[PDB]
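One structure is given below, encoded as structure tokens.
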Amino acid sequence: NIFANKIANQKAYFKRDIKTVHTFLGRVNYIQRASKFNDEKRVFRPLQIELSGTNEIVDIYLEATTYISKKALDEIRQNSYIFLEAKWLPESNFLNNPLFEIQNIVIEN
Amino acid sequence: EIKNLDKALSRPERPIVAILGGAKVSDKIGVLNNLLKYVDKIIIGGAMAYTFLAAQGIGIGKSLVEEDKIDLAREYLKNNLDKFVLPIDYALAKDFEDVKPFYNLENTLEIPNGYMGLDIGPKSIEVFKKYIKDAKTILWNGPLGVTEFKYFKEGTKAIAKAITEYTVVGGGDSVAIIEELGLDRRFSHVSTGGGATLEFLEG
Amino acid sequence: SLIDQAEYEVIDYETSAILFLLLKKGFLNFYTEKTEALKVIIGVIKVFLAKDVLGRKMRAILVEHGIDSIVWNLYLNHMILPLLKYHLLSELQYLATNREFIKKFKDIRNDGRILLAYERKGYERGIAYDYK
Amino acid sequence: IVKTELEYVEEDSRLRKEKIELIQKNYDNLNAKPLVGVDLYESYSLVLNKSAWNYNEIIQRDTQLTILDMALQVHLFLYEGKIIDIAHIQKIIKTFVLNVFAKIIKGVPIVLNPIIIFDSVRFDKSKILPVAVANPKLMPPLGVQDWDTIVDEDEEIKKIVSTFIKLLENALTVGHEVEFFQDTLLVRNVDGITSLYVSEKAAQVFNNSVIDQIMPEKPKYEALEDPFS
Amino acid sequence: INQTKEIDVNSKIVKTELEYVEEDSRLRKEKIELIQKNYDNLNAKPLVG
Amino acid sequence: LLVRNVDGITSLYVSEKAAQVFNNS
Amino acid sequence: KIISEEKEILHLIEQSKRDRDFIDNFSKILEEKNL
């Protein structure tokens, strides 16, 4: 099985609170390093996702604030396949691409 | 023969269903290659269907599959997702003999190791009938199962009976079984050749 | 300078030991009170010992057995020092002209070509071989 | 001195752009020149000159992995609870490369991987040159042998050599420059093309060996020496 | 009236900082891709051809 | 001359004059 | 019309920053799932 070894590498993170989320499901074509902007307290990660079923390229940004959120964000590499649920953040009004916060995510590498 | 194929292809009436029955990935490769951007729905049934299932990560066990093309098969599944239909209910067989079929009460999509994927289950044909219930064109280019054994020859006959209740069939073995069934009149056009008709329909 | 530490900051046991050995071997002489230098070193060592395929085995060896001076010198010279040198030269400008830094890191192998590609692939800032 | 929040943002941006310029300057400070090559196996002298120049340039870049490095990587990779001696692994690796050397000077290619095949080029008597080639498509190599043939049947030695081959392949894939014989260098160029750059000392050992059967000395257990002393 | 109005500092800081982060990341990714292609072009020719 | 080595790989080694006669044909 | 849209966006940004920095409901912190 090609996907047999991918099961042992699953990493799942979730929140027990339920908000309105944007669901992304696909491969990570390109992911950059992390930037610290709000007084070196947050983490900014630009993501390029090739979705599933349409194979279109979308660009998003991810924000991390806690230690566990940064740990979950650090698991995303190139060619990683993700089922990510992201809460929209109101800072996208000053951004070219939307800024999101990880609510639930499942990561396989 | 030319008029019916030209009407079905150049003047198609959507929605359109193209069930290509084949036990070889290469066998219908060209036919499918002709319907990736020229069809609304494509159905894969046969040994190449189990090749596609192998490309899906679902264990095939004793069921054969064209390994040398498996990656290409997966690529097809990557290119078109809604445009592909695969069976979900599998009736396994102890061997290649004419023994009674074996089904799975729970998780029938999974083939146990040691058995061979033999027949299409009632759930898959029920889904096929439910989908084909709204379809102006129902093509065909090959058999939907093995007919050398009676216990596993019911799939194509059931599919033909459901479809008859346009209806164009041009399979090498499907046409003969349809004629032996007695529903030839209901079909809009039953071609006299299987390989030639599929090659003409490819382009 | 090694004493200071942020709140809720966990520094691993092997990272501390490696920092001590670097201090005792004179690989911190260039320091002139630039906290980001030690932050970079600590982060690089932590990621290398936690996520790298060979760094994880190195960490297991350090945890279980007691190595001697010669084996530790080989470990430092052939894996740790090239990674530290590349990740320090690409963040601290003044390290280019720091006489002590050249005096200590002149013979260390350059590994920019591989660590670049690792960065461009989204890898963390300490992977040197691959993820286990 | 003290700064305003806007000045803090400006300082952050200045540091980021400084780091970008440092990225460029790190490549610039590595005084490197593109590797040069020829198009045909025309003359022994020209190919030897190009190979020696390439080897010298890569050596002065100081980006290559020696045999000690690969031995240490194997030592780390094979750890499962028990420590394997670094000197033992280095001795075994040197013995394996010497076996390859002895086998390829007799016109027998050795295949270590579907990608890299070690061969020899003879232009005249007393003039031979080691090469690394890909698997040909229409002209099968003459008497090609696997590496497994020239390795002792003991499980430990076979595991060590298998691990060394796997790590060497990975290092070549990522873009390293691995040393295989003494004073020679193995590089992977564009695409899946592998090349072997031979120093002058190695060309000499290869010619003495092909001339009067003066083989390199038997590998011996060498104690680890301090790089910092 | 003229002397009263003045340039705010909160929204300006937020917007400026966000645009700086986006420009920095775009510039870094461009520089990384050019640097890597330079490394590839430095060691990409056959020895014998 | 045709030989089968250790890996059961057979090869045909051609002299100079044999290749000359091949090329003439 | 009393509050401009730009100021409302700034208030939303500040409130989101406050909600991220200080969390009152513990069901809003990411949890790693055992596997």
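Each chain carries a letter (A, B, C, D, E, F and G) given by its place in the written order, and its residues are counted from 1.
Everything that follows uses one rule, which is that a contact is a pair of C-beta atoms (placed from the backbone, for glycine too) under 8 Å apart; a residue touches a chain by one contact, two chains touch by 3 or more.
With steps allowed only between chains in touch, the distance from subunit D over to subunit G comes to 2. The chain pair with the larger count of C-beta pairs in contact, out of A-B and C-D, is C-D.
Every chain gets a centre from its CA atoms, and the centre nearest the mean of all protein CA atoms is that of A. If you average the Cα atoms of subunit B and of subunit G, the two centres end up 53 Å apart. Centroid to centroid, with C-alpha atoms defining each point, subunit D and subunit E lie 37 Å apart.
Between the Cα centres of subunit A and subunit D there is a gap of 39 Å. Subunit A and subunit G, compared by their mean Cα positions, are separated by 18 Å.
In subunit D, the residues that touch at least two other chains are 12, 16, 19, 23, 27, 175. Looking at subunit G, one finds that residues 13 touch two or more other chains.
The set of subunit C residues touching two or more other chains comprises 112-113, 117, 119. Across the complex, subunit A meets subunit C through its residues 28, 30-33, 67, 74, 76-78, 80, 109.
Within the complex formed with subunit E, the subunit D residues making contact are 5-6, 9, 12-13, 16-17, 19-20, 23-24, 27, 32-41, 47, 50-51, 54, 131, 175, 187, 189-190, 193, 195-197. For subunit C in complex with subunit A, the touching residues are 8, 119, 121-125, 131.
Partner subunit B is touched in their complex by these residues of subunit A: 1-3, 52-53, 55. Subunit C meets subunit D in the complex at residues 25, 53-54, 57-58, 60-61, 64-65, 69-71, 73-75, 77-79, 86, 89-91, 93, 96, 107, 109-114, 117, 129-130.
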